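Read the structure below first, then the notes.
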Ligand SMILES: [Zn+2]
Ligand SMILES: [Zn+2]
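Residue numbers (UniProt numbering), protein chains in the order written: chain A, 1045 to 1342; chain B, 2 to 90; chain C, 797 to 945; chain D, 14 to 704, 717 to 1389; chain E, 548 to 647.
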């Protein structure tokens, strides 16, 4: 640039507000509706209210059963593979846990394949937790990993529900929730906010030179366009004054934006739409030519 | 929806006409002063004109009040001003 | 992303098509609070009356506007700015057409730098309100290293 | 003020220009950069236009308010508001007038046809160049003939007069003034018809459609030459600097400064001398200047220094040469608007909307000021402009007090139909997203992933009130397209109610039906507390509905309460319970249709809020959560798969041995897998509806919500098959599914068909207003203006059965359309005088389809009203359910209902892609049920073989019972034998038809004698021997096996009587001459008597078909835009007898014998086109002969008017009816008339034959002359079918057709003709900036309001009038 | 835009952006890599007889059709034995059952 340039970077804490779009890793893209308090929202029998609620109807239409498999994998994660690193690893650290893990493990998982805390010692279990250290939250490949038979078996090894679904309670009523539901911990993801996400508020800004169409920029936000598609909309309805001022008093017409504002601030209605700027400019572009357009009365 | 829209619609020969009546009624409602329905039970909160038309009192015609000579809708305007005390600009 | 408690169930109209309902605890804690950075460049070009200047001397403003600004027009680092506060202290001359016979007399008496320039600084866009994290420093040698550098 | 009746466009005359303009501009003097005051006497002057400042004078003698009216003495100038300089105009008296490039470059030369000169040559020769053309005078006899340089004639006298020899645009004037129009009209009407020469009749017939244009009410051609150049408004072209050093000025300020400088010098070369080699050099520079304001690029574009961009000319601002046209209609940036993410609003009703609070602080600021001075928030209007203009919290209250009764308008960018912009009551909601009503989400084709909708704010109260009774969403519950509501409970809402009204069934043995019997109630009463009868079973016994829920709460009862609680809560907020009881899953949309009809509009409003709340409420009370185990796998799955994997192994082994060949081994492997998916899919549908009726994933697919019988199969059982991107199906099916482990192979295969779908809407989301544009710009001039017309002319007969989507469908076409006359068909029902029939009426016309062959119904295509359209011929469609109202744009609501469904259509290639179908037939028709046999269009006759053989193809063979209902559908070929005739009763399981699936016997239809014609041994016939017959007879050779010279010879058995004369086929005048194809079997002698039904020839082999069918979006644009189909079918130019000429494997022929000719009428038929024509009965003119589409142009010239308006509107629906979209015929015919509004009459009445004018003006001329009196004149005419891109290209209005890229040929037509443009349409009314005629614009709606008090009051003034 | 059967293990047939462009871009897969002269060569574990070797080799798109390559969805204990003699294997577009 020329004559120095001062670039100030502004940082605003973008909290989670109505309008933000979030989605997981299956394709279930959605946008936050209303931030409902922890009051109305349901909750388990052991507290821990539900954080995020989705729509089960997004499965029949949107073929993505995979997202549900992750749900059963998140809830039962306290008894599948993470159990080996959430109990057998914590028992070696705290001496007040080694007395609970060795007993509460066999009662849940009696599989010969799994590590028997009762048989193996402190040294044995240690090395049996290094073979799967990288895969802390279990491990599942792409097209060759989990299975309908393997999963179900791994759900009966740890706490707590059976088969998957579990009986909850309504946050509003509080009574027994008719028939269990599928719950757990799904890994979702928040999507960044583009410049377009920033609210575009405009009422009275600057206008162009050749045309009387409002133009935004730095301070004043750009006005929304009213394409022909939107024109045929109001054109369809019986409304006449609505679409009339739409391309007159609103935008182009210069003598319209002035009288209108001076009338609303008084308390009365705005004077009937006279001659739009579009009617003037266009008309003048004809007189200069060989042809001529002139308005005629009754 | 809106109160008695059906009954309102029935009140007029043409849908588009009912809109013209209410609009014109709203116009006079502000300018001259206020309306025919008030004391016993009228609207509540802050509100608008259709409530009147739903009622029997109003009369909307093609040319209900005019003038003998020349087309002057204006005679109506004069009488209204004389009668209605609240004044607009 | 993160790991939260999910419970698939048609709540009450909200989760119609592709909607998402989250507890009020999500806003009470900065678990989804991300950092956004916007760049507002301000360039001063040559005016018909002469090159523009970058100083804190900007009329037609309040005290809280020039308060966060230094003696060069550029706001310090770590200012709790908001919608209306000045970020860049840029000035721009007016013109003989925009000048009045009253401010023309004092122009050749109390000095040229009295009432020749007007107000034309960069402010904060309506709606957004954050803080300054990084300021840009530049000073051309041909324009002399003033109080800025 | 008064309502604008109509505007008129015409050429500006010199005297007319000096009427609005004052003074005269001589020098290009603008305004300085210092002072804004006028400089000299140029485009900016105080005297000419007006001052600039307040009341001060240019000089400075008097500025005080002392002298406001009286002007100065030294310099008298009347000072007024600077606003006067805007409206006031000025003119520039040009020396030598110039021409307009619009009336020159245009193909239809306005001066080339009128004046006998080269329509393009001479133009670009005398204007710009120096080629002199004599005007007139007493010099040179050549008044029309032009000359050059050496051909310049001069007076060879001692003292001759001055020669008026000019060139360019100034010369054209006299040439036009020397041509008498009247003299060119009288000789015109004679030359065309009289003279036999076709060289002269084709030259004057074209130069007349413009000649009479000036003779009529239109102005004279002597106004096309621009003599005076009007200036451009001062303030319209400011010179204020932008930012820094860059300037933003119009491209006109650099053009007008050029024209003037090239004018004041020309004046000096007029009064004095005017040499041909001096004046030319002057206008040569002036012409190039004025052309800059006209058009740049048609010859020489004007570029700027170091910039290849032609200056934006005045005309370039309309047509958009640089491409600004796509930005002009892109959308005018509204001052009051916004945009943000959308969301769902449950508690939010259809009457309100949930918009942000901070957004209201900006847009709604004007309504705040006028409310602040009432309270203590703000003091004055001025001081309030620096407080509520930004972040303020004191306004939160006052602002909400204004949003009490002032709804706004929501809108999505892709606006298809009318529901693109609805009105809702704003509600202050925290956040940034806008709450959109769930039911309304159906109107807007979008989801909630990131889509953003705008929002506007009604200013005036007039446009605010009409936005709550005609614009509000809850008001228009019915779609413009059909009578089916768009807004309707979709998923989460219907899921709650569905789960409620269900009955669970588990372990049950004894039949428990307590509802009715008396012993059952007691028996299963104590059994409930026992161990036998369970609780979750079928049992109903108690008192009322309210008391029933009381028991169901104590774990005593379960069901029989959900149906009771829902049958009292809903009808609580709204009476009429007789109708309120049908919810279901498919009746969820039928309810919003039946409630409005019986009840009203208001009742429906609150009726939608009730179902909404309880719709999502019980949706959580039940919890229809979907899981992995919810996808119950059929136990019959592993069995079908095993049997499938064991079948493919056997086939492979049979190929190694020698059993199979290469045909039965392909269709066997693909078949066992093409059905394996269907079996396992249905295995789960009938397993859950008997074991567990309360399955989440199942119920959410069974009811409404979102579920398909194809997407569930994939996840549940196995995903059938996946085809390649091309179309060829893969021979390697996929077994693994979504549930189990899906390998990398099968996942890759499904990707092929997954790329198409998402790649389709990719180009539609960019500009969905492309398809709609082609339709809206066409029928935008259709406005409702019904005045008890009742035209019974051009009646359109509705065929009892549609054309044929496939080969023999069965549907009806009549909905909400008024009948033409009194038709009596039903045994009880009876449509009297023209009355708007309902939806239940069409079922009646469809019932007795075996009696009626044509339904009399008034159509839109045939209406008396020219511009607008009556209400009768139209229908009920509008915005509600009642009859169509006056003042409606039935043209924009019809075009928008076609472009919207076009987004769901398949987009491959505009010129048709292709498909894959198989042709099969069976020679066995065994009736299933009982009844009689119905036959249509068939000529049965008994032959000598004792067989009831028919003589026609495409026979409707269906089983019509005693109630008249279609139960069966068969296709009877040609030469088939029917066991029983028409009307004869039949029994169940009885053969009623039997033919040979190998031979197509060529049977005659008349009796007499056989005569060998055009058959000589060694030329066309040769002694051959069959393979099945064994009898040696004469066999006709092939077309390729024939000798040289026998290429024109065509063998045939011409049938003659006893007198030797020709025998005509009954019904028409078609000689009986059946041609004998090659390799035919002729087992008949010569001169031997025969009878009707006797076989002549035989066709050993049969073939044809394979590739055909179009369908999809591409075809849509192919119909509206009449073009050349992918598989053109050669229609029949003449209607008569039909008989194949050849049958050779190479080429097949088809010959028709009208009257005199026969052989010349040969039609080549390849092996691709499937023969749909027979060899007997007479086929209609324009009938389909091949298996493919037809040409709207050719078919129009053949059949008649009752075809095009019944075919182009039918073939289009055959695409939407497939996807599920139902569109009424009303919103399809209104656009068809426009493609036919132009035609060419054959019998001249007022104008000549070749004109190509409109048909509306030609319909009235023949109406008053015939119907009324004054010698009925037969003003017959011929239809003319065009495209939507051409029919709209040349319309009556000039602003309507200006929406294309040809704004040069249009504007000139409506100008030279002096046509009065009565703004009827709405699209042509928005651009001008007038008031929409639909409103309320309609003249019809003039009306004032009264109060009783006000009513007595005028009486008081009337009373005063009486004199004493 | 439509992925071809030959594009196996060299590019993900479902990694194209969602919006204005669908199938016009599509990123590059994992193990796939631009070798020397354009020809994309995806790694393949050379397995001799019934013993799988841990060595990797980059085969050309035209060389792959010359040899039969097994799949990854096959059961393997370690790297010296094979589960079943007959296991689903793929060639260059077709599917057949080959032995170890
Ligand atoms: Zn003066
Ligand atoms: Zn009609």
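We put the beta carbon where it would ideally sit given N, CA and C, even for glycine.
Set against 8 Å, the gap from the CB of residue 40 (chain D) to the closest heavy atom of ligand 1 is not smaller. Put simply, the backbone Cα of residue 898 (chain C) is about 15 Å away from that of residue 890 (chain C). For residue 1203 (chain A), the nearest beta carbon of chain B is not closer than 9 Å to its own beta carbon. Against chain D, the CB of residue 1074 (chain A) has a partner CB under 9 Å away; the residue lies at that interface. If you draw a 10 Å sphere on the C-beta of residue 88 (chain D), you find fewer than 16 other C-beta atoms in it, and that means exposed. If you draw a straight line from the Cα of residue 640 (chain D) to the Cα of residue 740 (chain D), it comes to about 12 Å.
Counting only residues of its own chain and dropping the five nearest sequence neighbours on each side, residue 667 (chain D) has a CB closer than 8 Å to the CB of 673, 678. Taking a C-beta distance under 9 Å as the contact criterion, residue 863 (chain C) and residue 944 (chain C) do not qualify as a contact pair. In terms of Cβ geometry, residue 1347 (chain D) and residue 1240 (chain D) do not form a close pair [threshold 9 Å]. For residue 889 (chain D), the Cβ falls inside the 8 Å cut-off from some heavy atom of ligand 2. Look at residue 71 (chain D): its beta carbon is less than 8 Å from one of the heavy atoms in ligand 1. Taking the Cβ of residue 74 (chain D) as the reference point, at least one heavy atom of ligand 1 falls within a distance shorter than 8 Å.
Checking the DSSP bridge columns, you'll see residue 861 (chain D) partnered with D:843. Where residue 225 (chain D) is concerned, the enclosing alpha helix (DSSP H) starts and stops at 224 to 228. Against chain C, the beta carbon of residue 1100 (chain A) has neighbours under 8 Å at 804, 805, 806, listed in chain order. Residue 87 (chain B) is outside the set of residues whose beta carbon lies under 9 Å from a beta carbon in chain D. Around the Cβ of residue 633 (chain E), a 10 Å sphere holds fewer than 16 other Cβ atoms; the residue is exposed. For residue 703 (chain D), the uninterrupted alpha helix (DSSP H) run begins and ends at 701 to 704, by DSSP. By the beta-carbon neighbour count (other beta carbons within 10 angstroms, threshold 16), residue 409 (chain D) is exposed. Scanning chain D for C-beta atoms nearer than 7 Å to the C-beta of residue 627 (chain E) yields nothing, as the closest lies near 24 Å away. With the rule of 3 Cβ pairs closer than 8 Å, the stretch 1327 to 1335 of chain A counts as touching the stretch 233 to 248 of chain D. For chain C, the residues of the stretch 359 to 373 of chain D that bring a beta carbon within less than 8 Å of one of its beta carbons are 359, 360, 371, in chain order. The criterion of a C-beta distance shorter than 9 Å is satisfied by residue 1299 (chain A) and residue 1321 (chain A). The beta carbon of residue 603 (chain D) lies closer than 8 Å to those of 595 in the same chain, with the five residues before and after it left out. By the neighbour-count definition (other C-beta atoms within 10 Å, threshold 16), residue 1215 (chain D) is a buried residue. Residues of chain C with a Cβ closer than 8 Å to the Cβ of residue 1145 (chain A) do not exist; the shortest Cβ-Cβ separation is about 23 Å. Any Cβ of chain E closer than 9 Å to the Cβ of residue 777 (chain D) would place that residue at the interface, and such an atom is present.
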